[PDB]
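Asker: Below is the sequence, then the experimental coordinates.
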Amino acid sequence: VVXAX
Amino acid sequence: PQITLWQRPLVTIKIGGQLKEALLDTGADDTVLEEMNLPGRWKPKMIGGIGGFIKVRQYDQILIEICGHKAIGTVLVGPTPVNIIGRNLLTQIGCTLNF
Amino acid sequence: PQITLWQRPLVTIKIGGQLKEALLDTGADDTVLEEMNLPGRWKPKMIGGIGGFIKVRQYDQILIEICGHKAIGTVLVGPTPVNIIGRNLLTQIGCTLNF
Ligand SMILES: [Cl-]
Ligand SMILES: [Cl-]
């Protein structure tokens, strides 16, 4: 998993 | 404390007298928590992720304790894989990346 | 160096002779780069996050220099909005989170 702008 | 990255950087946060696990996420501008009852009015906010944009509810002035560090700021609530503490709150508790 | 999080933690990476900009993301298990041709064979993988899942090509043992330091690891390439340095390579350079 990867995380937000 | 000094946190290594061998494992996801998961910490315990206290919000609404409840304990939750959240990821310290330097790649997140904002703090996004999984669906939960928060107090007051929310305003609409769109955020981008690896998969695209989603709509979230925005709450201001939420007190959160991250490792007993008190923070007061904006918290977003929407469909997130896990609770994520973004740079808005990370800077409030004095988090820095070092190498 | 000690990076503060008032801004996005962006650094220059040198990958396969190309100089790029990437996000040091402690909320990313893996490094995901924007679309590019990397040598060696690859395997399809799906990675998720905010907004859902994207399909990426996984390349093993790629060398990346992050801020001058060398790191070897898996590198995913896909339709990512920004280049992201994940935990897999951050550990390699001795990155920690402190507060
Ligand atoms: Cl805030
Ligand atoms: Cl790896």
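Answerer: Ah, there it is. Numbering: from 1, shown residues only, chains lettered A, B, ... in the order given. Ligands and ions are numbered 1, 2, ... in the order given.
Asker: Just give me the neighbour total for the closest residue to residue B:77 other than its chain neighbours.
Answerer: Among residues not flanking residue B:77 along the chain, residue B:57 sits closest, at 4.9 Å (CB to CB, 6 or more residues apart in numbering or on different chains). All C-beta atoms are positioned from the backbone trio N, CA, C, and that covers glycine. Neighbouring residues of residue B:57 were enumerated by other CB atoms under 10 Å in any protein chain shown; the total is 15.
Asker: Can you tell me the element residue B:57 falls in?
Answerer: strand B:53-66 (DSSP states H and E).
Asker: which other helices and strands contact the helix or strand just after that strand?
Answerer: Note on strand B:53-66: by DSSP H and E, the next helix or strand toward the C-terminus is strand B:69-77. With contacts defined as 3 or more CB pairs under 8 Å, 6 or more residues apart in numbering or on different chains; DSSP states H and E, the packing partners of strand B:69-77 are strand B:32-33, strand B:53-66, helix B:87-90.
Asker: 10 Å instead?
Answerer: Secondary-structure packing of strand B:69-77 (3 or more CB pairs under 10 Å, 6 or more residues apart in numbering or on different chains; DSSP states H and E): strand B:10-15, strand B:32-33, strand B:43-48, strand B:53-66, strand B:84-85, helix B:87-90.
Asker: Return the set of residues that bridge with residue B:64.
Answerer: residue B:71 (DSSP bridges).
Asker: Tally up the residues packed near residue B:84, please.
Answerer: Residue B:84: 25 surrounding residues under other CB under 10 Å.
Asker: Just the buried residues of the strand holding residue B:57, please?
Answerer: Within strand B:53-66, the residues that qualify as buried by neighbour count (16 or more other CB atoms under 10 Å in any protein chain shown) are B:54, B:56, B:58-59, B:62, B:64, B:66.
Asker: do stretch B:70-80 as well
Answerer: Within stretch B:70-80, the residues that count as buried by 16+ other CB under 10 Å are B:71, B:73-78, B:80.
Asker: Excluding sequence neighbours, find me the nearest residue to the residue in chain B that chain C sits nearest to.
Answerer: Closest approach between chain B and chain C, counting by CB to the nearest CB: residue B:49, at 2.3 Å. Counting by CB to CB, 6+ apart, residue C:50 is the residue found nearest to residue B:49 once chain neighbours are left out, at 2.3 Å.
Asker: ok, that neighbour touching residue B:34?
Answerer: No - with contact taken as CB atoms under 10 Å, residue C:50 and residue B:34 are classed as non-touching, separated by 11.7 Å.
Asker: what do these two both touch?
Answerer: By CB atoms under 10 Å, 6 or more residues apart in numbering or on different chains, residue C:50 and residue B:34 have these common neighbours: B:78-81, B:84.
Asker: Format these as a markdown table; extra columns: distance to residue B:92.
Answerer: Written out in a markdown table, the entries for the shared contacts of residue C:50 and residue B:34 read as follows (distance: CB to CB, whole Å):
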| residue | distance to residue B:92 |
| --- | --- |
| B:78 | 21 |
| B:79 | 25 |
| B:80 | 20 |
| B:81 | 23 |
| B:84 | 15 |
